[PDB]
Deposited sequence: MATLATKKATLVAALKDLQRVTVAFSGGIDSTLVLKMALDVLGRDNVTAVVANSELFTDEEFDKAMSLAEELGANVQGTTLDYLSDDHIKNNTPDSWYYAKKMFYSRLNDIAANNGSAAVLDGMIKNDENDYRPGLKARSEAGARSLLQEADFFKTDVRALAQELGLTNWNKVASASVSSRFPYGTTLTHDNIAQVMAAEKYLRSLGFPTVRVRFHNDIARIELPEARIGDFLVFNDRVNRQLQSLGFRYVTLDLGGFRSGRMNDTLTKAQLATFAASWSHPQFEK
């Protein structure tokens, strides 16, 4: 079908819903969904929601809030206590499912209280999403990634989160129990490192050993910082501060 056909389906669905709450992450897909909601229903019938939690950074949160606001949406932050769920706290392969469940349940409460007829996300052409009744309008309208990019150009979208972030749990081996203290340690360490000019970085947690992953093309750049990173990450609680010779991943 034509992009025009897929847009028209998307427009009619939003019109039928009147008021919507949008799970906004700042990537191109939820930016497009949010923009179409604003265009079709107006600012007063759309609520953009950005989740703040212990598994993600303040910076990513602040950036999504500012991106939605710059798009012209009324934006709402909401904070989830993911570690209160044992499946997430124990870093299991299904923790991702339970986090999504807690997130979409919080979104339905926001939508119940603001009069929205649905919660919208940015899925394109996933159990917790369906168990919650959140709607993926781009996927119903048969949007593929190139259809998303085409519509965004047509609407003048140029700004969106290009990199998707990974939960801090990926810095810990499966079975290592997530604690408030070890999360903060890893998060302070990655924040200090990003501040030096390394936006793509991981500090993998091996108890007293920090194992730093950098893109190999950047490792030469790092050398002037060895001592300051060593001492800063030791003050965060690591005993040995190391750089993985294999690089990022």
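Peer 1: Counting from 1 along the deposited sequence, give me every gap where there's no C-alpha, start to finish.
Peer 2: The deposited sequence has unmodelled segments at 1, 127 to 135, 260 to 286.
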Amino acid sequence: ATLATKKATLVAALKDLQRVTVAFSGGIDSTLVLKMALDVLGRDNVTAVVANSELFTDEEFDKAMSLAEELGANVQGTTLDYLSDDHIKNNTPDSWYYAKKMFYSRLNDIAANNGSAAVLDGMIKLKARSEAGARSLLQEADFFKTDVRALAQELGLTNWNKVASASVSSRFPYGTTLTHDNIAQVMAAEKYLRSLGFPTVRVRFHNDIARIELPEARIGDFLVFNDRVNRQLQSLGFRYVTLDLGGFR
From here on, numbers count along this sequence of modelled residues.
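Peer 1: So which stretch wins on mean C-alpha B-factor, 100 to 108 or 155 to 163?
Peer 2: Comparing 100 to 108 with 155 to 163, the higher average CA B-factor belongs to 155 to 163.
Peer 1: Going by the average Cα B-factor in the PDB entry, point out whether 176 to 184 or 211 to 219 comes out higher.
Peer 2: The deposited B-factors put 176 to 184 ahead on the C-alpha mean.
Peer 1: Taking the Cα B-factors listed in the entry, which of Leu80, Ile124, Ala118, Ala73 comes out highest?
Peer 2: Going by the entry's C-alpha B-factors, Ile124 comes out highest.
Peer 1: Can you pull the Cα B-factors for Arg43, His206, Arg202, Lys191 from the entry and say which is highest?
Peer 2: The C-alpha B-factor peaks, among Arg43, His206, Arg202, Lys191, at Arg43.
Peer 1: Is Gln234 in the lowest, middle or highest third of its chain when residues are ranked by C-alpha B-factor?
Peer 2: Its C-alpha B-factor belongs to the lowest third of this chain's values.
Peer 1: Which third of the chain holds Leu243 when residues are ordered by C-alpha B factor: lowest, middle or highest?
Peer 2: It belongs to the lowest third of the chain when residues are ordered by C-alpha B-factor.
Peer 1: For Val168, return the chain-relative third of its C-alpha B-factor as stated in the PDB record: lowest, middle or highest.
Peer 2: As the PDB entry reports it, the C-alpha B-factor of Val168 lands in the lowest third of its chain.
Peer 1: Sorting the chain's modelled residues by C-alpha B-factor, tell me whether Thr9 ends up in the lowest, middle or highest third.
Peer 2: Ranked within chain, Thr9 CA B lands in the highest tercile.
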